[PDB]
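Shown next: target14.pdb, given as PDB, N, CA, C and O atoms; unseen atoms left out.
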ATOM      1  N   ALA A   1    -123.727  62.203 -33.491
ATOM      2  CA  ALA A   1    -122.397  62.879 -33.509
ATOM      3  C   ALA A   1    -122.235  63.641 -34.826
ATOM      4  O   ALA A   1    -122.496  63.097 -35.897
ATOM      5  N   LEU A   2    -121.811  64.902 -34.742
ATOM      6  CA  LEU A   2    -121.633  65.718 -35.944
ATOM      7  C   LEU A   2    -120.151  65.877 -36.269
ATOM      8  O   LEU A   2    -119.384  66.417 -35.472
ATOM      9  N   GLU A   3    -119.759  65.410 -37.449
ATOM     10  CA  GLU A   3    -118.373  65.505 -37.880
ATOM     11  C   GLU A   3    -118.200  66.656 -38.862
ATOM     12  O   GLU A   3    -118.726  66.622 -39.973
ATOM     13  N   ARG A   4    -117.456  67.671 -38.446
ATOM     14  CA  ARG A   4    -117.214  68.823 -39.303
ATOM     15  C   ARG A   4    -116.428  68.405 -40.539
ATOM     16  O   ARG A   4    -116.702  68.860 -41.649
ATOM     17  N   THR A   5    -115.445  67.531 -40.341
ATOM     18  CA  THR A   5    -114.629  67.059 -41.449
ATOM     19  C   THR A   5    -115.489  66.287 -42.443
ATOM     20  O   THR A   5    -116.309  65.453 -42.056
ATOM     21  N   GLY A   6    -115.298  66.572 -43.722
ATOM     22  CA  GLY A   6    -116.062  65.904 -44.770
ATOM     23  C   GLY A   6    -117.295  66.716 -45.160
ATOM     24  O   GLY A   6    -117.922  66.447 -46.185
ATOM     25  N   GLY A   7    -117.631  67.711 -44.342
ATOM     26  CA  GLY A   7    -118.786  68.557 -44.605
ATOM     27  C   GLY A   7    -118.637  69.318 -45.918
ATOM     28  O   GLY A   7    -119.605  69.476 -46.660
ATOM     29  N   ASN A   8    -117.428  69.794 -46.203
ATOM     30  CA  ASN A   8    -117.201  70.535 -47.439
ATOM     31  C   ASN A   8    -116.999  69.580 -48.610
ATOM     32  O   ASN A   8    -117.277  69.921 -49.762
ATOM     33  N   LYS A   9    -116.515  68.380 -48.305
ATOM     34  CA  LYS A   9    -116.280  67.379 -49.337
ATOM     35  C   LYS A   9    -117.589  67.017 -50.023
ATOM     36  O   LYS A   9    -117.634  66.827 -51.239
ATOM     37  N   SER A  10    -118.654  66.919 -49.235
ATOM     38  CA  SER A  10    -119.956  66.576 -49.780
ATOM     39  C   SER A  10    -120.429  67.654 -50.747
ATOM     40  O   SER A  10    -121.027  67.352 -51.779
ATOM     41  N   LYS A  11    -120.158  68.909 -50.407
ATOM     42  CA  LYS A  11    -120.567  70.019 -51.257
ATOM     43  C   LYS A  11    -119.872  69.933 -52.611
ATOM     44  O   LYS A  11    -120.486  70.161 -53.652
ATOM     45  N   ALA A  12    -118.587  69.601 -52.586
ATOM     46  CA  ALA A  12    -117.811  69.484 -53.817
ATOM     47  C   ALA A  12    -118.357  68.362 -54.695
ATOM     48  O   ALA A  12    -118.411  68.492 -55.919
ATOM     49  N   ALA A  13    -118.752  67.256 -54.069
ATOM     50  CA  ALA A  13    -119.278  66.119 -54.817
ATOM     51  C   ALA A  13    -120.514  66.528 -55.609
ATOM     52  O   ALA A  13    -120.662  66.175 -56.780
ATOM     53  N   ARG A  14    -121.394  67.288 -54.969
ATOM     54  CA  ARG A  14    -122.604  67.756 -55.633
ATOM     55  C   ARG A  14    -122.254  68.748 -56.741
ATOM     56  O   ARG A  14    -122.839  68.719 -57.824
ATOM     57  N   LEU A  15    -121.290  69.619 -56.462
ATOM     58  CA  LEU A  15    -120.860  70.614 -57.439
ATOM     59  C   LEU A  15    -120.292  69.943 -58.682
ATOM     60  O   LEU A  15    -120.537  70.382 -59.805
ATOM     61  N   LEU A  16    -119.530  68.877 -58.478
ATOM     62  CA  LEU A  16    -118.941  68.161 -59.594
ATOM     63  C   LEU A  16    -120.026  67.570 -60.477
ATOM     64  O   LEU A  16    -119.915  67.587 -61.699
ATOM     65  N   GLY A  17    -121.066  67.022 -59.855
ATOM     66  CA  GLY A  17    -122.142  66.409 -60.619
ATOM     67  C   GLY A  17    -122.767  67.424 -61.567
ATOM     68  O   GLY A  17    -122.988  67.137 -62.745
ATOM     69  N   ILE A  18    -123.018  68.621 -61.055
ATOM     70  CA  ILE A  18    -123.578  69.693 -61.865
ATOM     71  C   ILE A  18    -122.582  70.102 -62.942
ATOM     72  O   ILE A  18    -122.959  70.373 -64.083
ATOM     73  N   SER A  19    -121.303  70.138 -62.572
ATOM     74  CA  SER A  19    -120.263  70.515 -63.519
ATOM     75  C   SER A  19    -120.200  69.525 -64.675
ATOM     76  O   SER A  19    -120.053  69.918 -65.832
ATOM     77  N   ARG A  20    -120.310  68.241 -64.357
ATOM     78  CA  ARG A  20    -120.264  67.214 -65.383
ATOM     79  C   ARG A  20    -121.438  67.374 -66.344
ATOM     80  O   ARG A  20    -121.280  67.231 -67.556
ATOM     81  N   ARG A  21    -122.617  67.666 -65.795
ATOM     82  CA  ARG A  21    -123.812  67.836 -66.621
ATOM     83  C   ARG A  21    -123.643  69.004 -67.587
ATOM     84  O   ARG A  21    -124.038  68.920 -68.752
ATOM     85  N   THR A  22    -123.055  70.093 -67.102
ATOM     86  CA  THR A  22    -122.843  71.268 -67.940
ATOM     87  C   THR A  22    -121.933  70.927 -69.114
ATOM     88  O   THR A  22    -122.195  71.316 -70.251
ATOM     89  N   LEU A  23    -120.858  70.201 -68.821
ATOM     90  CA  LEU A  23    -119.896  69.813 -69.848
ATOM     91  C   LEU A  23    -120.534  68.889 -70.883
ATOM     92  O   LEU A  23    -120.271  69.006 -72.080
ATOM     93  N   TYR A  24    -121.362  67.967 -70.411
ATOM     94  CA  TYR A  24    -122.022  67.016 -71.300
ATOM     95  C   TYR A  24    -123.520  67.276 -71.363
ATOM     96  O   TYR A  24    -124.257  66.988 -70.420
ATOM     97  N   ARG A  25    -123.953  67.811 -72.488
ATOM     98  CA  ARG A  25    -125.364  68.110 -72.698
ATOM     99  C   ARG A  25    -126.031  66.997 -73.500
TER     100      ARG A  25
END
Render the structure in this file as structure tokens.
Amino acid sequence: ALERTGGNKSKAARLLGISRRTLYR
């Protein structure tokens, strides 16, 4: 079963991880 909901949420989670790394070197 494919759930459309949460699909974009996962993308944001990954984006945040990269964002955190940029802020903290």
Edge lengths and centre, in Å to one decimal, as AutoDock Vina command-line options: that's what I need for the box along x, y and z that holds all listed atoms of range 5-12 of chain A plus 3 Å on each side.
--center_x -117.8 --center_y 68.0 --center_z -48.1 --size_x 12.4 --size_y 11.1 --size_z 21.6
Enumerate the residues of chain A with a DSSP assignment of helix (DSSP H, G or I), computed from the backbone, and present them as number ranges by chain. A: 7-23
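Here CA of residue 9 in chain A stands at a distance of 21.0 Å from CA of residue 23 in chain A.
Taking CA of residue 25 in chain A and CA of residue 11 in chain A as the two end points, the separation is 22.1 Å.
Taking atom C of residue 19 in chain A and CA of residue 7 in chain A as the two end points, the separation is 20.1 Å.
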